[PDB]
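Enquirer: Protein chains in written order, with full-length UniProt numbering: chain A, 18 to 92, 100 to 127; chain B, 15 to 78, 132 to 148; chain C, 11 to 43, 55 to 84, 106 to 109, 111 to 214; chain D, 172 to 203; chain E, 1561 to 1585; chain F, 106 to 148.
Ideal Cβ placement from N, Cα and C applies to all residues, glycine included.
Sharing a structure below in C-alpha cells format, with a few things to ask.
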C-alpha cells in the first residue's frame, strides 16, 4: 500500500543524519537556492517535542537539522568542511544530546 | 524435562566393541590373506596386480547376423593366396 | 540514483505559502465547523495521529513512580539443572549411538531458547532498572560532595575559633 | 566489521533506505 | 644544490566532485 | 587403524560419561536418580 506522509517525512528526517546525503543535497545548486527546501527544513523543526521524538530512530539528525538550521544564517560555502567538522564535533554533540535526553 | 522412561534406546548391532570378524565366522579369509602369520613372520611376498595369477599359463607376459563360415572361407582364401 | 529524490510536496511551499498559512488554517477551521488534498496548503496542517496508534516500516510493526519473581527464579534453577542433565544425556548419546544424536540436540536448544525467552521478558522488567543503579551512584556522589563541604567549612570555623582564642590570649 | 549484520548499525543504512518503501513511493510519486 | 623545496600544499578539505549514479541494481 | 580408533574412542567416551555421571551424582545428589536412568537410556 501507499505509505502515509508520516512515514516518508520520518524516513527523510532519519536519512538526513547521513553525511553523504547532506553532501549530495548541498552539492546541487537549486536545492539550496530554492526557498522551498529550507522552508520544509524549518517546518521539520517541530519534531523535537514528544510524542514525535519517541518515534525517531537516530537522534543525531535531531541536531543535524538544527545544525542545518544554522546553515541558513552562516551562508554553498562550508560544504567542503562538513565531513571534517562533523567528525571532529561528534563527541561534544553526542554529549549534549545525551545531556538533553539521558539526564 | 526430557527424561522419558518410555523412550528406550537399544544397543547398536553389531557391537563394535566385540570381535566383528568372528561374529559371523569370517576369520578364514582374513587368516588366508593376513599380513603376518601367527609367529609374525611374512607368509608370502606381496605385490599390486593380476600378472602373477597368469604366470602358470604358457606365454611371455612381459608387458601388461554374423556368418562365421563366410569369414572363415574369406580368411582361408586370403591365406591360400 | 543512489540518493532518492526529495519529497514532492517540499517544492510546493514558498514563503508566501508560509505567511498565508494562518488565514488558510482559519478558513479551513471555519469550513470544517485520509485527508483529501484539495489545496496545495493542506500539508502544513499537522498530520493526525493514526487511531490504531501503530506504524509499519520495513515489514516491522511499532506502537509510573520512576518518572512471584521467586517462581521465575526457581523455574530458571530447575531449567538449568535439567539443561545440565540433558547435556549429560546427549553426550552419552554421542558416546553410544551418535547416529541419532541430533534428535536430542535441538531439544536442548529449545530449553536454551526458553531461558532466552525468560531473559527477553526480563528486559522491560533490567533496562529501566539501569536508572536505579544510576540513582544510587549520583545520590552517593552528591552525599560525598555535601559531606566534604560541611567538613571543610567546619574545620575552617574551628581554625577561626582557635585563632580568636590565640589572639585573645595575646591581649 | 567485515560481516554486514542487518538492522544494527550506528548510522542509517544506505541499503535500508534502498529497500525502504520511500524509494518506490518516490518512484510512484505520480500515483500519489 | 636545491635552493628550497616546495611547501606541502595538500588540500584534504577539498570535497571532490566524483559523480555517483549507478548504485541501483 | 579405523577399527582401533573406533575402539579407543569408545573407551574414551565410556570413561568420559562414567566420570561425568559420578561427579554429577557427587555434587548434585538430587539429580542422581535420572543420571542412572540416563545410563539405562544409553546402555
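List the DSSP bridge partners of residue 78 of chain C.
Expert: Sequence index remark: in the third chain, residue 78 of chain C carries index 57 (1-based). DSSP, once it has assigned bridges, lists C:81 as partnering residue 78 of chain C.
Enquirer: Output yes if chain A places a C-beta closer than 9 Å to the C-beta of residue 1566 of chain E; else output no.
Expert: The count along the fifth chain starts at 1 and reaches residue 1566 of chain E at position 6. For residue 1566 of chain E, the answer is no, since every Cβ of chain A falls outside 9 Å of its Cβ.
Enquirer: Can the beta-carbon of residue 161 of chain C be found closer than 9 Å to that of residue 115 of chain C?
Expert: Taking the first residue of the third chain as position 1, residue 161 of chain C is located at position 118. Taking the first residue of the third chain as position 1, residue 115 of chain C is located at position 72. For residue 161 of chain C and residue 115 of chain C, yes; Cβs fall inside 9 Å.
Enquirer: Is there a C-beta anywhere in chain C that falls below 9 Å from the one on residue 1585 of chain E?
Expert: Working through the fifth chain from its first residue, we reach residue 1585 of chain E at position 25. Judged by the 9 Å Cβ criterion, residue 1585 of chain E is not in contact with chain C.
Enquirer: Determine, for residue 26 of chain B, whether the minimum Cβ-Cβ distance to residues of chain C falls below 9 Å.
Expert: Taking the second chain and counting its residues from 1, the one referred to as residue 26 of chain B is at position 12. Yes, residue 26 of chain B lies at the interface with chain C (some Cβ there is under 9 Å from its Cβ).
Enquirer: Which chain D residues sit within Cβ distance under 9 Å of residue 79 of chain C?
Expert: Counting from one through the third chain, the residue named residue 79 of chain C turns up at place 58. Neighbours of residue 79 of chain C on chain D, chain order: 178, 187, 190, 191 and 192.
Enquirer: Got a sec? Which residues, its chain only, sit under 6 Å from residue 83 of chain C by beta carbon, not counting five neighbours each side?
Expert: For the purposes of this step, residue 83 of chain C is taken as the residue at position 62 of the third chain. Once the five neighbours on either side are set aside, the close Cβ partners of residue 83 of chain C are 76.
Enquirer: Give me, in chain order, the residues of the same chain whose beta-carbon lies closer than 7 Å to that of residue 171 of chain C; leave out the 5 immediate sequence neighbours on both sides.
Expert: As a first step, residue 171 of chain C is located in the third chain; it is residue number 128 there, counting from the start. Excluding positions up to five away in sequence, the list reads 108.
Enquirer: Going by CA-CA distance only, name the one from A:62, A:19 and A:35 that's closest to residue 110 of chain A.
Expert: The residue given as residue 110 of chain A occupies position 86 in the first chain. Nearest option by C-alpha distance: A:35.
Enquirer: CB residue 78 of chain C to CB residue 176 of chain D, shorter than 9 Å?
Expert: Along the third chain, read from residue 1 onward, the residue named residue 78 of chain C stands at position 57. Along the fourth chain, read from residue 1 onward, the residue named residue 176 of chain D stands at position 5. Contact flag unset, no.
Enquirer: CB-CB under 7 Å to residue 65 of chain A, same chain, minus the five flanking residues each way: which ones, in chain order?
Expert: Numbered from its first residue, the first chain carries residue 65 of chain A at position 48. Answer for residue 65 of chain A: 79, listed in chain order.
Enquirer: Which two residues bound the contiguous alpha helix (DSSP H) that contains residue 196 of chain C?
Expert: The residue labelled residue 196 of chain C in the question sits at position 153 within the third chain. It spans 173-212 - the alpha helix (DSSP H) in which residue 196 of chain C sits, taken as one unbroken run.
Enquirer: Note down, in chain order, each residue of its chain lying with its Cβ closer than 7 Å to the Cβ of residue 140 of chain F, except the 5 sequence neighbours on either side.
Expert: Within the sixth chain, the letter at position 35 stands for residue 140 of chain F. For residue 140 of chain F, where only same-chain residues beyond five positions count, the Cβ hits under 7 Å are 126, 129 and 130.
Enquirer: Measuring only the C-alpha atoms, how far is residue 26 of chain B from residue 32 of chain B?
Expert: The residue labelled residue 26 of chain B in the question sits at position 12 within the second chain. The residue labelled residue 32 of chain B in the question sits at position 18 within the second chain. Looking at the two C-alpha atoms, the distance is approximately 12 Å.
Enquirer: Of all Cβ atoms in chain D, is any one closer than 9 Å to the Cβ of residue 29 of chain A?
Expert: Mapped onto the first chain, residue 29 of chain A falls at position 12. Chain D, which has a Cβ nearer than 9 Å to the Cβ of residue 29 of chain A, makes this yes.
Enquirer: At a CB-CB cut-off below 8 Å, which residues of chain A make contact with residue 1574 of chain E?
Expert: For the purposes of this step, residue 1574 of chain E is identified with residue 14 of the fifth chain, where counting begins at 1. Result: 104.
Enquirer: Pick from A:18, A:21, A:27 and A:120: whose alpha carbon is nearest that of residue 71 of chain A?
Expert: Here residue 71 of chain A refers to the residue found at position 54 when the first chain is read from its first residue. The option with the nearest alpha carbon to residue 71 of chain A is A:27.
Enquirer: Residues in the segment 130-143 of chain C with C-beta within 8 Å of chain A's C-beta atoms, listed in sequence order?
Expert: Within the segment 130-143 of chain C, no residue has a Cβ that lies closer than 8 Å to any Cβ of chain A.
Enquirer: Is the segment 51-61 of chain A in contact with the segment 110-120 of chain A, if contact means three or more CB pairs nearer than 8 Å?
Expert: Cβ pair count under 8 Å is below three, so no.
Enquirer: Quick one: list the residues of chain D neighbouring residue 99 of chain A, beta-carbon separation under 8 Å, in chain order.
Expert: Coordinates for residue 99 of chain A are absent, as chain A skips straight from 92 to 100.
Enquirer: So which residues of chain D does residue 68 of chain C contact, with C-beta pairs closer than 7 Å?
Expert: What you label residue 68 of chain C is simply residue 47 of the third chain in a count that begins at 1. Result: empty, since nearest Cβ-Cβ is about 15 Å, beyond 7 Å.
Enquirer: Determine the burial state of residue 113 of chain C: buried for a count of at least 16 other Cβ atoms within 10 Å of its Cβ, exposed for fewer.
Expert: Stepping through the third chain from its first residue, residue 113 of chain C is reached at position 70. The residue in question, residue 113 of chain C, is exposed, as its Cβ has fewer than 16 Cβ neighbours within 10 Å.
Enquirer: Mind checking if residue 137 of chain F is an interface residue toward chain B, Cβ cutoff 9 Å exclusive?
Expert: As a working note, residue 137 of chain F is residue 32 in the sixth chain. No, because no Cβ of chain B sits closer than 9 Å to the Cβ of residue 137 of chain F.
Enquirer: For residue 253 of chain D, which option in E:1583, E:1573, E:1571 and E:1578 has the closest C-alpha, if you only look at C-alpha atoms?
Expert: This structure leaves residue 253 of chain D out entirely; chain D is present only between 172 and 203.
Enquirer: Leaving aside the five residues before and after residue 117 of chain C along the sequence, list all residues of the same chain whose C-beta is less than 6 Å from its C-beta, in chain order.
Expert: Here the question's residue 117 of chain C lines up with position 74 in the third chain. Nothing listed; no residue qualifies.
Enquirer: List the residues of chain C that residue 1658 of chain E touches, going by C-beta distances under 7 Å, in chain order.
Expert: A question about residue 1658 of chain E goes unanswered here, because the residues of chain E that appear run from 1561 up to 1585.
Enquirer: As a quick exercise: from A:103, A:89, A:104 and A:82, pick the residue whose alpha carbon is nearest that of residue 117 of chain A.
Expert: For the purposes of this step, residue 117 of chain A is taken as residue 93 along the first chain, with counting starting at 1. The residue with the shortest Cα to Cα distance from residue 117 of chain A is A:82.
Enquirer: Could you compute how far the alpha carbon of residue 56 of chain A sits from the alpha carbon of residue 28 of chain C?
Expert: Locating residue 56 of chain A in the first chain gives position 39, counting from the first residue. Locating residue 28 of chain C in the third chain gives position 18, counting from the first residue. When rounded, the distance between both Cα atoms is 8 Å.
Enquirer: What does residue 50 of chain A reach in chain E if we use C-beta pairs closer than 8 Å?
Expert: Taking the first residue of the first chain as 1, we reach residue 50 of chain A at position 33. Neighbours of residue 50 of chain A on chain E: none; closest Cβ ~18 Å, over 8 Å.
Enquirer: In the structure shown, what three-state DSSP assignment does residue 140 of chain B receive?
Expert: Locating residue 140 of chain B in the second chain gives position 73, counting from the first residue. In the structure shown, residue 140 of chain B sits in a helix (DSSP, three-state: H, G or I).
Enquirer: Can you grab the Cα-Cα spacing for the pair residue 45 of chain B / residue 138 of chain B, in whole Å?
Expert: The residue labelled residue 45 of chain B in the question sits at position 31 within the second chain. The residue labelled residue 138 of chain B in the question sits at position 71 within the second chain. Cα to Cα, residue 45 of chain B sits roughly 52 Å from residue 138 of chain B.
Enquirer: First and last residue of the alpha helix (DSSP H) that includes residue 32 of chain C?
Expert: Taking the first residue of the third chain as position 1, residue 32 of chain C is located at position 22. Residue 32 of chain C -> alpha helix (DSSP H) spans 25-42.
Enquirer: Residue 119 of chain C and residue 151 of chain C look like a contact to me (Cβ under 8 Å); what is the Cβ gap, rounded to whole Å?
Expert: Residue 119 of chain C sits at position 76 when you count from the first residue of the third chain. Residue 151 of chain C sits at position 108 when you count from the first residue of the third chain. Actually they do not touch by this definition, with Cβ atoms about 16 Å apart.
Enquirer: Given a cut-off of 9 Å on the beta-carbon distance, is the pair residue 133 of chain C and residue 121 of chain C in contact?
Expert: In the third chain, the residue the question calls residue 133 of chain C occupies position 90. In the third chain, the residue the question calls residue 121 of chain C occupies position 78. It is not a contact, given that the beta carbons lie outside the stated cut-off.
Enquirer: Determine whether the beta carbon atoms of residue 33 of chain A and residue 39 of chain A lie at a separation below 9 Å.
Expert: Counted from its first residue, the first chain places residue 33 of chain A at position 16. Counted from its first residue, the first chain places residue 39 of chain A at position 22. Yes; because the gap between Cβ atoms is below 9 Å, this pair is in contact.
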